[PDB]
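Reviewing the structure listed below.
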Amino acid sequence: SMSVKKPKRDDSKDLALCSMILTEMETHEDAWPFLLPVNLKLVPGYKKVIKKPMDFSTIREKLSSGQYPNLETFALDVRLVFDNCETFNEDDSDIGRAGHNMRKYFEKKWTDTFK
C-alpha cells in the first residue's frame with residue numbers, strides 16, 4: 001500500500017529476455033501458422049469469429065516499439081495466439097497440433113526464464 005512495498009525485483013533484463021523467447025518461438029519448425037497475421041480477406045469466418053487476432057510478427061513489432069508495459073502483457077499476447085488457434089482449428093489438424101506444441105514450448109521457456 002502507500003509507503004509499503006515488497007522488495008524490488010530486477011526487471012531490467014525482461015525486455016531482452018522476452019525478445020529471446022520470441023526468437024526461439026519464431027525459429028521453431030511448427031511456427032509457420034503463427035508467423036504472420038491471418039489474411040482476413042482470404043479466410044472466411046476469421047474476421048467475425050476471432051475478435052482479437054494476434055501473431056508473432058505483431059508481437060515482435062509491439063515488443064520492439066515499447067508497447068508492452070510489463071512481461072505479463074507480453075505473455076497475454078503469446079497465449080492469445082494459441083487461444084485463437086484453438087478457437088478456429090480442430091485439434092486433429094496440422095495447425096491444431098502446431099498450436100498445442102507451440103503453447104507447450106512457450107510455457108516451459110516462460111517458467112524456466114521467469115519462475
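Quick note on naming: the chains in the C-alpha cells go A, B, ... in the order shown, residues restart at 1 in each chain, and ligands are numbered from 1 in order of appearance.
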**OP:** Write out as number ranges by chain the residues lying within 10 Å of residue A:19, counting only C-alpha atoms and excluding same-chain residues fewer than 5 positions away.
**Re:** A: 14, 24-25, 59-60, 63-64
I need the residues from that last selection saved to file as a compact mmCIF listing (two decimals), in the first residue's frame (with C-alpha atoms), if you can.
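Contents of result08.txt, as written:
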# COMPACT_ATOMS: atom_id res chain seq x y z
CA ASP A 14 12.88 -8.59 -19.06
CA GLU A 24 13.05 -19.17 -30.22
CA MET A 25 9.25 -19.32 -30.95
CA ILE A 59 4.09 -9.30 -31.07
CA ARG A 60 7.60 -8.55 -32.38
CA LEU A 63 7.86 -5.54 -28.31
CA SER A 64 10.37 -3.54 -30.39
Subject >> Filtered DSSP result for chain A, state helix (DSSP H, G or I), as a ChimeraX atom specification >> reply: /A:14-26,32-34,46-49,56-64,71-88,94-114
Serialized selection, C-alpha atoms, as a short mmCIF file (atom, residue, chain, number, x, y, z; two decimals), in the first residue's frame:
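Okay, result06.cif is ready:
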data_model
loop_
_atom_site.label_atom_id
_atom_site.label_comp_id
_atom_site.auth_asym_id
_atom_site.auth_seq_id
_atom_site.Cartn_x
_atom_site.Cartn_y
_atom_site.Cartn_z
CA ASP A 14 12.88 -8.59 -19.06
CA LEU A 15 12.77 -6.89 -22.48
CA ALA A 16 15.88 -8.72 -23.69
CA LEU A 17 14.70 -12.00 -22.25
CA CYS A 18 11.16 -11.77 -23.84
CA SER A 19 12.93 -10.99 -27.17
CA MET A 20 14.98 -14.15 -26.83
CA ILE A 21 11.93 -16.31 -26.09
CA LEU A 22 10.12 -14.79 -29.06
CA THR A 23 13.17 -15.53 -31.32
CA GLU A 24 13.05 -19.17 -30.22
CA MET A 25 9.25 -19.32 -30.95
CA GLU A 26 9.87 -17.68 -34.42
CA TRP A 32 4.54 -21.36 -39.64
CA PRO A 33 0.81 -20.94 -38.82
CA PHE A 34 1.68 -18.06 -36.42
CA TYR A 46 -11.93 -15.39 -39.28
CA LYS A 47 -12.72 -11.70 -39.07
CA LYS A 48 -16.17 -12.24 -37.49
CA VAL A 49 -15.22 -15.06 -35.18
CA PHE A 56 4.33 -13.48 -33.84
CA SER A 57 5.20 -10.60 -36.22
CA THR A 58 2.63 -8.33 -34.48
CA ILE A 59 4.09 -9.30 -31.07
CA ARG A 60 7.60 -8.55 -32.38
CA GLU A 61 6.55 -5.09 -33.58
CA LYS A 62 4.78 -4.32 -30.27
CA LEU A 63 7.86 -5.54 -28.31
CA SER A 64 10.37 -3.54 -30.39
CA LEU A 71 6.24 -9.12 -19.04
CA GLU A 72 2.59 -10.19 -18.21
CA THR A 73 1.10 -8.19 -21.09
CA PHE A 74 3.67 -9.94 -23.34
CA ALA A 75 2.58 -13.44 -22.16
CA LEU A 76 -1.11 -12.50 -22.62
CA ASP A 77 -0.47 -11.79 -26.39
CA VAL A 78 1.56 -15.01 -26.89
CA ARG A 79 -1.27 -17.02 -25.23
CA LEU A 80 -3.84 -15.17 -27.38
CA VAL A 81 -2.15 -16.55 -30.48
CA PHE A 82 -2.77 -20.12 -29.17
CA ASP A 83 -6.22 -19.46 -27.86
CA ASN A 84 -7.23 -18.06 -31.26
CA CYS A 85 -5.71 -21.14 -32.89
CA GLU A 86 -7.81 -23.48 -30.70
CA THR A 87 -10.93 -21.43 -31.39
CA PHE A 88 -10.62 -21.81 -35.15
CA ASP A 94 -1.80 -29.89 -38.65
CA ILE A 95 -2.43 -26.32 -37.45
CA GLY A 96 -4.36 -27.50 -34.35
CA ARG A 97 -1.41 -29.77 -33.33
CA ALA A 98 1.04 -26.91 -34.15
CA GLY A 99 -0.76 -24.67 -31.66
CA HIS A 100 -0.65 -27.20 -28.86
CA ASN A 101 3.04 -27.89 -29.48
CA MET A 102 3.95 -24.19 -29.55
CA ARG A 103 1.97 -23.42 -26.41
CA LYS A 104 3.87 -26.13 -24.53
CA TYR A 105 7.18 -24.91 -25.87
CA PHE A 106 6.37 -21.35 -24.77
CA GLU A 107 5.10 -22.23 -21.28
CA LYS A 108 8.30 -24.16 -20.45
CA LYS A 109 10.54 -21.30 -21.58
CA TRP A 110 8.36 -18.89 -19.66
CA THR A 111 8.63 -20.91 -16.38
CA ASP A 112 12.36 -21.60 -16.81
CA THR A 113 13.20 -17.94 -17.52
CA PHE A 114 10.97 -16.13 -15.01
#
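Note that atom CA of residue A:12 and atom CA of residue A:69 are 12.5 Å apart.
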Subject >> Atom pair atom CA of residue A:35 / atom CA of residue A:51: separation (Å) >> reply: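 That distance, rounded to one decimal, is 18.6 Å.
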